[PDB]
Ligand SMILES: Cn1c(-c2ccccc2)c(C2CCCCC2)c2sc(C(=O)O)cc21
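Quick heads-up: it's one chain on its own, the form solved without the named molecule, in structure tokens.
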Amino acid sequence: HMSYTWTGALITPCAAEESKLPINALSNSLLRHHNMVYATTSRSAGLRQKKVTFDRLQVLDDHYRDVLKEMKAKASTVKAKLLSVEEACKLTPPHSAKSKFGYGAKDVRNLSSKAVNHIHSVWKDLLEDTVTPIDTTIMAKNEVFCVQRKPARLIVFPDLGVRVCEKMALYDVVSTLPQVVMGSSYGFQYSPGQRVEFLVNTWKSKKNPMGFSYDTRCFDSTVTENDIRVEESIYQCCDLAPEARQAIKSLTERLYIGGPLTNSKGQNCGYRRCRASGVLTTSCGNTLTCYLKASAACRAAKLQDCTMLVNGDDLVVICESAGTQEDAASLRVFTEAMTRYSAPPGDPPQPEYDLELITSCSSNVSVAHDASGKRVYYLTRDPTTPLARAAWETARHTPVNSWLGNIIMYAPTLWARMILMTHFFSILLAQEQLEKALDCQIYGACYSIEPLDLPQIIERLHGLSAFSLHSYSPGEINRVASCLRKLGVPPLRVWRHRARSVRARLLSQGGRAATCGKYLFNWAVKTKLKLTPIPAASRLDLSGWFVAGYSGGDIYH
């Protein structure tokens, strides 16, 4: 029952990997402690292999089967459709990994005969053969962090042809089934403004609230053959075309439950018997499995008025407190149940009696005040990793612009507004790239976004108050200041100064640019402009935003 077996062949790169922060003329204006920032490489892959390789044991009781029966009954109400080849081709990111079979993602998107013909052949094979393990490639992710040094995370994914077939069989299912099965507990249905409302409303609904986050140790490696067969039994409760059923069964037996791991040089690295990080069903499978195990563990622990919020492997629970000693004992029971279900913790969970000290999806609730002095809740995080990734992106073009996803999702925060907005609008002005669309990821899917659309995007995701917040909390302010000292980032007084310049430049461009100057940087001037609802906000097509999660899913929206 091991998560992986290995041959000793190395996990190899496909191009040169940099680990040191690249430096250019713009670097010092953001961050001086360059030696604090690094990127992960295949050189640490071996250390990750060791961490992710362990035996799983799993004891399944009546609570587990009781929840699973309920989830199944809800899933039975879902009707899901097959996508056409052309619809699935349109969901492929332009820069997705090319096929081993002589075509690329651009050929897929174009519906080129070589690509479409091969995809039809993979589909036929999937319908005919429900036994043969499907090949996957294993690679080390290159991700940027601040020291305090993580080994590379691994990514495991099938060929591009197979990925298009996954979409055809399962895109509609994984996009629709989780919210039906899980209701308000499915986290990927929420925009940031919706997510903070749900946490606060939930917290407020309890007489004496308690909450905690649950950190599963290497969630993907804890997912067993049982878990993945249970996921398929849930998918199969849906009302589906017979062709879709056969494809889902085949994909489950041949790809999702396990298969051979091949490096970038074509050598066999070993064999996987746990979740693949780079398949379409990674997010939905992890969310269903986490929810099943956590709901059952809640019943085992006798938690009172229990609300869960689940985004894949990310779990928070808010419930009724029963006193500090019994809460501590209940959380032990919960952790023991989870452990018996094959989901033991990394960090053991702690009860918290302050909403603002709970982290979920790498974020906590904090409070600031709008133009009328009215309290507004918003989600924030420690800015260290966002700012390290921004320093890197200041000197290197990358396929995903973390800075842009961070402005979008953390737009209300003092650090996104003062540092990220200022710094990157400066760069776009100087380079005359204000109109250039950039790719970034939200809930695992890729979006191409125009930075001049940012004000309307932010009004939709957060409301107009995102542009007037002030009087942020002392905890939040100190956590930012602490980060700036650590990374060597100029203090906020300098940022306010630069923001005025940036704002004046943007207003001097007219049009969409001036709207960015007006809304995004109203905080930097004492003589304020009046900020009214933006007409363009009402016409923005944000469909496909905040419907589901697609981590590893190879989705472009």
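Definition used throughout: the rigid core is the maximal C-alpha set that superposes within 1.5 Å between two forms. Heads up: residue numbers just count along the shown sequence, starting at 1.
Form deposited with the named molecule bound: not shown, discussed below.
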Quick check on this chain: with the named molecule placed from its pose in the entry with it bound by superposing the site C-alphas, is the site open or blocked (blocked meaning at least 3 ligand atoms within 2.4 Å of backbone or C-beta)? blocked
Name the residue from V108, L288, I419, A343 that puts a heavy atom within 4.5 Å of the named molecule in the entry with it bound. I419
Consider the chain as shown here, without its partner, and state which of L170, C274, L387, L177 has a heavy atom within 4.5 Å of the named molecule in the entry with it bound. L387
Quick one: which of 66 to 74, 507 to 515, 494 to 502, 53 to 61 gets within 4.5 Å of the named molecule in the entry with it bound, going by heavy atoms? 494 to 502
Any chance all of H423, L487 and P490 sit within 4.5 Å of the named molecule in the entry with it bound, going by non-hydrogen atoms? yes
Taking heavy atoms only, is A391 within 4.5 angstroms of the named molecule in the entry with it bound? yes
Hey, after the core superposition between this form and the one not shown, which of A241, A437, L357, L111 has the C-alpha moving 2 angstroms or more? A437
Core superposition between this form and the one not shown, C-alpha change of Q58 at least 2 Å: no
Once the core is aligned, please say if the CA of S426 is shifted by at least 2 angstroms between this form and the one not shown. yes
After superposing the rigid core, is the C-alpha displacement of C446 2 Å or more between this form and the one not shown? yes
